[PDB]
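One-letter residues, chain by chain:
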Protein chains: 2
Amino acid sequence: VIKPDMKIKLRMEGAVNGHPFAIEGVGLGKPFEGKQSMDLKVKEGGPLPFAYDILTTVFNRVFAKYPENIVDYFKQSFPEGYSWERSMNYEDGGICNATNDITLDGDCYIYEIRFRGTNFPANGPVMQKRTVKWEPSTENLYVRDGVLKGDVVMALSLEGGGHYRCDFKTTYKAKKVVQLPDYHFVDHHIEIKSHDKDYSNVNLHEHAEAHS
Amino acid sequence: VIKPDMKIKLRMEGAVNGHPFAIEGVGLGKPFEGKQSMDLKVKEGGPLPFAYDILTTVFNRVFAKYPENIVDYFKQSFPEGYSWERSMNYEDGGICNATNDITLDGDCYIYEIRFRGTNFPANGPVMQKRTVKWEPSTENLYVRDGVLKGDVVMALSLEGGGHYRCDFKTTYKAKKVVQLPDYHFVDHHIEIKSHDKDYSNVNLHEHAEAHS
């Protein structure tokens, strides 16, 4: 079912520290090349009063270059698809949780996303848009209880150097039964290439490769 | 000061779940190639009644292949050296803590190591030597408060497949003032190549490369 050039459509609904918001987005990528890009416009809750960066990792590992010798959990799950659930555990106590349900409408991936975050201090980097980018990461994927877990060490670089540590725990549930892979890694680079003054419109990229 | 072929000597003193023990070791490696190996004999507390694997990551990132474009925190710190301190946070509640003070006696690294672990359940993988190996990892190193932090997602593979998650947090303190590097990664493979029946004698390897 997977095609070399696939499309993306997505709505996210959420709220951070009590501020509700909604974001929709459109994009494209190459599942076999692990690269993807998308435009995202804030449709409600604009202007967002928190660092947009906390959102970007939520905006589909079908977009990761898997090699011949490693089992592709995600590409196997289609056309029915898969969901995932992720805790995001920033070191200043702030906590984000998010789910995405992913279905395939022909040649276009549809993401359904609920997002919610809280307990971010008012002086903190998230509440004062002092975050710059996500450093690159290496996700560690392993099987548990017949689903696939992905934990990863994440860091936001901040204004003035320095870094803001966040701990990711993801669980991926294929809707149908697919073949399960051994412990492996997925390299990530995630970038906001372009964006308008208050992040209403945002151009987001992520490049990703699997290995062992 | 660093030489292409350097030697290693080490004593570890510790105790896990109340069982005291002592281990000494001798070895060699190539600091610029990131590879190293050592023989380790249990000198006290034999036979150990817990998975030896919890120890191996404690048995010197001077042994990591750093490239030209990345600042080598560790190789800079010599001949005076550096210490490090690490929490090790196994998901079944068991907790290991360890420090190593590293000095250079001519052409031979000397490790001074205190080790201590507790709260491992009796039915658990550590207490029933059901651990097999450490999966490979990618350490994420970043500067904080003028020292160097290294956090990494770690997993033990178990008997019957499955994996046993542990969270590493390390702090590295150069004894003298050295130049500090940007956020980067260090790939690790760590293996027990050979060992006798009850791990009194153990041949330990680790291969490691830095990048960005």
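Counting of residues restarts from 1 for each chain and follows the sequence as written, so the numbers need not equal those of the entry; residues with no coordinates are not shown. Naming scheme: in the order in which they are written, chains are lettered from A and ligands are numbered from 1. Values reported for side chains reflect all heavy atoms of the structure, with hydrogen atoms and water molecules removed beforehand. Residues with missing side-chain atoms are left out of burial classes, side-chain pairs and their counts.

In its metadata, the entry names X-ray crystallography as the structure determination method and reports 2.83 Å as the resolution.

A. A look at the pairing of strand β6 (residues 108–118) of chain B. Residues and elements named next belong to chain B. For two strands to be treated as a pair, DSSP must find at least two bridges joining them. Here a strand is any run of E in DSSP of at least two residues, a helix any run of H or I of at least four, and the numbering for each starts at the N terminus. With 10 bridges connecting them, strand β1 (residues 6–16) and β6 associate as parallel partners. Note that in β6 the partner of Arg 11 across the bridge is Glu 112. Relative to β6, strand β5 (residues 95–105) is paired through 11 bridges, and the arrangement is antiparallel. What sits directly across from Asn 97, in β6, is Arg 116. In textbook terms, the turn of a hairpin is the stretch between consecutive antiparallel strands, and for β5 and β6 this stretch comprises 2 residues, one of which, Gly 106, has a positive phi near 80°.

B. Quick look at the relation of the copies chain A and chain B. Remark: copies superposed by least squares on C-alpha atoms. The transformation that overlays chain A on chain B combines an axial shift of 0.0 Å with a rotation of 180°, and the residual RMSD is 0.0 Å. On the angle and the small slide along the axis, the relation comes out as a two-fold axis. Residues count as neighbours in contact if any of their non-hydrogen atoms are within 4.5 Å of one another. Same-surface contact between copies: 100% of interface residues of chain A are shared with the interface of chain B.

C. The interface of chain A and chain B, seen in detail. With 16 residues of chain A at the interface, the matching set in chain B holds 16 residues. Simply put, the buried area is the total loss of 1.4 Å probe accessible area from both parts when two parts are fitted together. Of the roughly 1600 Å² buried at the junction of chain A and chain B (both faces included), carbon and sulfur atoms supply 57%. Of all residues in chain A, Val 153, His 163 and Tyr 183 of chain A give up the largest surface area on contact with chain B, accounting jointly for 33% of the area buried on that side. Definition used for salt bridges: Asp or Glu carboxyl oxygen within 4 Å of a side-chain nitrogen of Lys or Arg. Linking chain A with chain B are 4 salt bridges, by the criterion used here. For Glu 91 of chain B, the salt bridge identified is with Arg 144 of chain A, shortest N-O distance 2.7 Å. The term polar contact refers here to a pair of N or O atoms within 3.5 Å; inside protein, the definition further demands a hydrogen-donor-capable atom paired with an acceptor-capable atom, and it admits residues adjacent in sequence only when both atoms are side-chain atoms. Where chain A meets chain B, there are 4 residue pairs in polar contact. The greatest single-element share of the side of chain A that touches chain B, amounting to 5 residues, is contributed by strand β8 (residues 137–144) of chain A.

D. Expanded view of the UniProt feature "binding site: Cu(2+) 2" (unreviewed entry) in chain A. All names here are of chain A. UniProt positions are given in the numbering used here, feature names are shortened, and annotations may be inferred rather than shown by experiment. Here the UniProt-annotated "binding site: Cu(2+) 2" (unreviewed entry) positions come out as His 205 and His 207. Here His 205 lies in strand β12 (residues 201–211). For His 205, the contacting residues outside a window of four places in its chain are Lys 35, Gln 36, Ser 37, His 189, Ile 190, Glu 191 and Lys 193. Leaving out residues up to four positions away in the same chain, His 207 has contacts with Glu 33, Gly 34, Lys 35, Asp 187, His 188 and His 189.

E. How the structure looks around the UniProt feature "binding site: Cu(2+) 1" (unreviewed entry) in chain A. Residue and element names in this part refer to chain A. Sites flagged by UniProt as "binding site: Cu(2+) 1" (unreviewed entry) map to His 195. Secondary-structure assignment places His 195 in strand β11 (residues 184–195). Setting aside chain neighbours within four positions, we find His 195 in contact with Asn 201 and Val 202. A distance of 3.3 Å separates the side chain of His 195 from the side chain of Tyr 199, its partner in a polar contact.

F. Structural detail: the packing of aromatic side chains. Residue and element names in this part refer to chain A. What counts as a ring pair is set by centres within 6.5 Å for rings of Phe, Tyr and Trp (its six-membered ring), and what kind of pair is set by the plane angle: stacked under 30 degrees, edge-to-face over 60, tilted for all other angles. Summed over the entire model, instances satisfying the criterion amount to 36 aromatic pairs over all chains. Summarising the aromatic geometry, the rings of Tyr 82 and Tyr 172 are spaced 6.4 Å apart at their centres and angled 50° between planes, so their arrangement reads as tilted. In this pair, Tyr 82 is assigned in strand β4 (residues 82–90) and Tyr 172 in strand β10 (residues 161–174), connecting sequence segments 90 residues apart. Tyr 172 shares its class with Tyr 82; the two are buried. Where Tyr 90 meets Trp 134, the ring centres are 6.4 Å apart and the plane angle is 40°; that geometry is what we call tilted. Of the two residues, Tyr 90 sits in strand β4 while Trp 134 sits in strand β7 (residues 131–134), which places them 44 residues apart along the sequence. Per-residue accessibility, obtained with a 1.4 Å probe over protein chains only, is compared with the maximum for each type, and a residue is labelled buried under 20%, exposed over 50%, and partly exposed between these values. Judged by its relative accessible area of 4%, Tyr 90 falls in the buried class. For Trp 134, a relative accessible area of 2% corresponds to the buried category. Feature note: the residues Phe 63, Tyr 66, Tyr 73, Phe 74, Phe 78, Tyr 82, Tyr 109 and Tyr 172 constitute an aromatic cluster, connected by ring pairs. In this structure, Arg 86 is placed above the aromatic ring of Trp 84, and the distance from its NZ or CZ to the ring centre is 3.9 Å. Ring-over charges, as used throughout, are those where CZ of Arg or NZ of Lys falls within 6 Å of the ring centre and within 35 degrees of the ring normal.

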